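Undergrad: Here is my input, please return the structure:
(one chain, ligands or ions: 3)
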Amino acid sequence: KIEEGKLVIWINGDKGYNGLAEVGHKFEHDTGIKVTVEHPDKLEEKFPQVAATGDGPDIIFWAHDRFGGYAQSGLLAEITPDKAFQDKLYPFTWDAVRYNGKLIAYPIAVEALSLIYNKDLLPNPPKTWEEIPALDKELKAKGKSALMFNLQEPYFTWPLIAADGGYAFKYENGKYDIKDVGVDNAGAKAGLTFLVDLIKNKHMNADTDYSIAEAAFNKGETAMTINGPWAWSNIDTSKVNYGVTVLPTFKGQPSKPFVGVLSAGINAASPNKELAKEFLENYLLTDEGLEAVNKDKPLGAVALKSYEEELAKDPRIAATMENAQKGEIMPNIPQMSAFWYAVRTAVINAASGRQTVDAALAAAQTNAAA
Ligand SMILES: OC[C@H]1O[C@H](O[C@H]2[C@H](O)[C@@H](O)[C@@H](O)O[C@@H]2CO)[C@H](O)[C@@H](O)[C@@H]1O
Ligand SMILES: [Ca+2]
Ligand SMILES: [Cl-]
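TA: Numbering: from 1, shown residues only. Ligands and ions are numbered 1, 2, ... in the order given. Structure data below:
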């Protein structure tokens, strides 16, 4: 059961959870209510596990794509923001947290992947994926590599898979057809094949994960990485001279990252819904609230109009939105979890050589479909 008279908040370990706790700290001073912020591993799977029993955090933070599944399972309270507060956030951010005609979470920030590059190693970053193999060769002469990013999470490879025609669920008639999956079409296969060939030709390592890729880029060992605004902070610290720019094209086509809207839902079983509404609307979703979290780890382009007008100036935000525009806002339908699981297994198996690309994506096609 969930404890009354306090706030428990879950947010992913890559985000500014210390900044968020700082906002909770102020809340505690003003109200006497303790706010405990936690970042459980794989919380996107852990939340529905514990919330299914009326347990868990009062507030859950994650990209909007998971929230449809959460609402369908009856895990999320409907949020009741008045028209005034609604007018404070961008309309399209409200759209991402609308399920079955109901708002099921507070939109916080728009996230998209960008190409992050070392200006000292790479004054002009590559415009195409195709030129990366040769680039890596040059850098291998300095004992360095061209590009490292997390291969354990399909989120990071998806931009390349969707570039030439890969897609999740066919969107027709304003609705998604959940039996029409596009993870094994010619476009998907060519994208994954190119990744697998990078590994096969020693330009990348199939074991590369988030931590390895981050360490490598921040220590100057690799010229490029692929990541979101949250990662900019640790790069700032390491004082590597970096830039953020458009993802490389593939086969002449833009990489198409799946765009997420970090959102805050309220546990349906929480006895602290009023507390949570207060905290979210009048502490977090203010200039000073978002600033506090942003200082810890950049959120991207925030949904709060007032604040995002300062942030849109930053050229890193501009690159994020350019990439967001070339990609697509994730669906929030409940089948998204099966999709992500399917594509994760496929990417990993093909990367490690455990399966051919065709066999990996054929299985993923079956698993993603209902
Ligand atoms: O890799 C599958 C994964 O992709 C997305 O997760 C992102 C998340 O949106 C970002 O905030 C980032 O910080 O972490 C994840 C990448 O590791 C989907 O949102 C998620 O549901 C899905 O499992
Ligand atoms: Ca678009
Ligand atoms: Cl990882």
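Undergrad: Name the helix or strand for the residue nearest the centre of the chain, please.
TA: In the chain, the residue lying closest to the centroid (C-alpha atoms, centre = their mean) is residue 260, at 5.3 Å. Using DSSP states H and E, residue 260 falls within strand 258-266.
Undergrad: for that strand, packing partners?
TA: In this structure, strand 258-266 makes packing contacts with strand 59-63, helix 67-72, helix 91-96, strand 106-111, helix 158-163, helix 273-279, strand 328-329, judged by 3 or more C-beta pairs under 8 Å, 6 or more residues apart in numbering; DSSP states H and E. For the C-beta atoms, the positions are set from N, CA and C on the backbone; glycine is no exception.
Undergrad: got JSON lines for these, with mean neighbour count too?
TA: Shown next, in JSON lines, are the helices and strands packed on strand 258-266 (neighbours: other C-beta atoms under 10 Å):
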{"stretch": "strand 59-63", "mean neighbour count": "25"}
{"stretch": "helix 67-72", "mean neighbour count": "23"}
{"stretch": "helix 91-96", "mean neighbour count": "17"}
{"stretch": "strand 106-111", "mean neighbour count": "27"}
{"stretch": "helix 158-163", "mean neighbour count": "27"}
{"stretch": "helix 273-279", "mean neighbour count": "19"}
{"stretch": "strand 328-329", "mean neighbour count": "16"}
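Undergrad: can you redo those as a markdown table with distance to residue 118?
TA: Shown next, in a markdown table, are those (distance: least, C-beta to C-beta, whole Å):
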| stretch | distance to residue 118 |
| --- | --- |
| strand 59-63 | 27 |
| helix 67-72 | 36 |
| helix 91-96 | 32 |
| strand 106-111 | 22 |
| helix 158-163 | 20 |
| helix 273-279 | 39 |
| strand 328-329 | 29 |
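Undergrad: Quick check: the residue nearest to the centre of the chain touching residue 61?
TA: No: counting by C-beta atoms under 8 Å, residue 260 stays clear of residue 61, with 11.4 Å between them.
Undergrad: what about residue 264, how many neighbours?
TA: If you count neighbours by other C-beta atoms under 10 Å, residue 264 ends up with 24.
Undergrad: The one 4 residues further on too?
TA: A count of neighbours around residue 268, defined by other C-beta under 10 Å, yields 18.
Undergrad: Please name the residues that touch it.
TA: 51, 54, 74, 75, 76, 77 (C-beta atoms under 8 Å, 6 or more residues apart in numbering).
Undergrad: which of the residues you listed tops the neighbour count?
TA: Counting by other C-beta under 10 Å, residue 76 has the largest number of neighbours within the contacts of residue 268, with 27 neighbours.
Undergrad: Quickly note the distance from it to residue 100.
TA: 11 Å (C-beta to C-beta, to the nearest Å).
Undergrad: again, but for residue 135
TA: For residue 135, the distance to residue 100 equals 47 Å [C-beta to C-beta].
Undergrad: neighbour count winner among these two?
TA: When residue 135 and residue 100 are compared on other C-beta under 10 Å, the one with more neighbours turns out to be residue 135, at 19 against 9.
Undergrad: Secondary structure of the more buried one: a helix, I assume?
TA: Yes: read with DSSP: H, G, I helix; E, B strand; the rest coil, residue 135 is one of the residues of a helix.
Undergrad: Confirm for me that it is in contact with residue 126.
TA: Yes: using C-beta under 8 Å, residue 135 is in contact with residue 126, at 5.8 Å.
Undergrad: Could you tell me which residues of the stretch 1-150 of the chain lie near ligand 1?
TA: Residues of the stretch 1-150 of the chain found near ligand 1 (C-beta under 6 Å from any ligand atom) are 12, 14, 44, 63, 65, 66, 111.
Undergrad: ok so, going back, separation between the residue lying closest to the residue nearest to the centre of the chain once chain neighbours are set aside and residue 337?
TA: Once flanking residues are discounted, residue 260 sits nearest to residue 63: 3.2 Å by C-beta to C-beta, 6 or more residues apart in numbering. Computed as C-beta to C-beta, the residue 63 to residue 337 distance reads 12 Å.
Undergrad: can you tell me which residues contact residue 355?
TA: Here residue 355 is in contact with 346, 349, 363 (C-beta under 8 Å, 6+ apart).
Undergrad: which residues touch the second one?
TA: If I follow you right, that is residue 349. Contacts for residue 349 (C-beta under 8 Å, 6+ apart) come out as 355, 360.
Undergrad: Now do whichever strand or helix holds it and strand 59-63, the angle between them.
TA: In this assignment (DSSP H and E), residue 349 forms part of helix 336-351. Using axes from the mean of the first three to the mean of the last three C-alpha atoms, to 10 degrees, the direction of helix 336-351 lies 50 degrees away from that of strand 59-63.
Undergrad: For stretch 51-65, C-alpha coordinates in PDB please.
TA: Below are the C-alpha coordinates for stretch 51-65, written out as PDB (Å, rounded to 0.1, in the frame of the first residue of the first chain):
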ATOM      1  CA  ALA A  51       1.100  -0.300  -9.400                       C
ATOM      2  CA  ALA A  52      -0.900  -3.300 -10.600                       C
ATOM      3  CA  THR A  53      -1.300  -4.100  -6.800                       C
ATOM      4  CA  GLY A  54      -2.000  -0.500  -5.700                       C
ATOM      5  CA  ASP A  55       1.600   0.000  -4.800                       C
ATOM      6  CA  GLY A  56       4.500   2.100  -6.000                       C
ATOM      7  CA  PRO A  57       5.300   5.800  -6.300                       C
ATOM      8  CA  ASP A  58       2.600   8.500  -6.100                       C
ATOM      9  CA  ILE A  59       4.200  10.000  -9.200                       C
ATOM     10  CA  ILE A  60       5.900   8.200 -12.100                       C
ATOM     11  CA  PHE A  61       8.100  10.000 -14.700                       C
ATOM     12  CA  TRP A  62       8.700   8.500 -18.100                       C
ATOM     13  CA  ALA A  63       8.400   9.200 -21.800                       C
ATOM     14  CA  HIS A  64       4.700   9.300 -22.900                       C
ATOM     15  CA  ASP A  65       4.900   6.100 -25.000                       C
END
